[PDB]
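Engineer:
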Amino acid sequence: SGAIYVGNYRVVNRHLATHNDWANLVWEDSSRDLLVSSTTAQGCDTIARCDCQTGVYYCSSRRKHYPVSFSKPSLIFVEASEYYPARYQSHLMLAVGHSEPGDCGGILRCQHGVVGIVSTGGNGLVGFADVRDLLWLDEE
Ligand SMILES: COc1ccccc1[C@H](C)CN1C[C@@H](C(N)=O)CC1=O
Ligand SMILES: [Zn+2]
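Numbers 7 to 146, taken from the deposited numbering, label the letters of the sequence shown in order.
(1) Quick one: residues with CB closer than 6 Å to any heavy atom of ligand 2, in chain order, please.
(2) Only counting the same chain, and skipping five residues up and downstream in sequence, which positions put a Cβ closer than 7 Å to that of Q48?
(3) Count the other C-beta atoms from every protein chain shown that fall within 10 angstroms of the C-beta of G112, then say buried if there are 16 or more, exposed otherwise.
(4) Within the present structure, is the beta-carbon of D35 separated from the nearest heavy atom of ligand 1 by less than 6 Å?
(5) Could you check whether the Cβ of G128 sits closer than 6 Å to any heavy atom belonging to ligand 1?
(6) State yes or no: is the C-beta of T126 within less than 7 Å of the C-beta of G133?
(7) I'd like to know if the stretch 75-86 and the stretch 53-67 are in contact, where contact means that at least 3 CB-CB pairs between them fall below 8 Å.
(8) For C116, which option in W28, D35, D51, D144 has the closest C-alpha, if you only look at C-alpha atoms?
Dropping the structure here:
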């Protein structure tokens, strides 16, 4: 589990969104596994606006933050899970790292801020849903 709290937005994995998230919806995209809802309190996370390919992510199944090298956001094939059939997921970045289903939502960050959140995994790989292109998270 986990979310990004930026301004009056809460960014979560679409497959982990709650009823309150759907009842306060700002934007969602199944192809990216992302959903954004509105918040009453202001958040403290800042979004990175960069093309970094190195950073650090949080892994809840190890209680550890790991430094990783990750691919550029792309259209990647992801195997069937409890939440989606086997399909192409867009704006996804891959790295070598430990992940389990419940690790979704962990933040990936670089020197500029939050890059994205854990969205996929298995077999020593971890995939992150990028958020750096969502410029509207910084305003309104
Ligand atoms: C942390 O990711 C791991 C790790 C190990 C095994 C499996 C997974 C994830 C949770 C499987 N998936 C892919 C997700 C998606 N974004 O399509 C939806 C889903 O259930
Ligand atoms: Zn960066």
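Note that beta-carbon positions come from the ideal geometry of N, C-alpha and C, so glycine has one too.
Structural biologist: Answer, in terms of the structure:
(1) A54, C56, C58, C116, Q117, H118
(2) Here residue 48 refers to the residue found at position 42 of the sequence shown. Cβ within range, chain order: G13, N14.
(3) As a position in the sequence shown, residue 112 is number 106, starting the count at 1. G112 comes out buried.
(4) Residue 35 sits at position 29 when you count from the first residue of the sequence shown. Checking the Cβ of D35 against ligand 1 gives no.
(5) In the sequence shown, residue 128 corresponds to position 122, counting from 1. Under cutoff, so the answer is yes.
(6) For the purposes of this step, residue 126 is taken as the residue at position 120 of the sequence shown. For the purposes of this step, residue 133 is taken as the residue at position 127 of the sequence shown. Yes; because the gap between Cβ atoms is below 7 Å, this pair is in contact.
(7) yes
(8) Here residue 116 refers to the residue found at position 110 when the sequence shown is read from its first residue. Checking every option, the nearest Cα to that of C116 belongs to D51.
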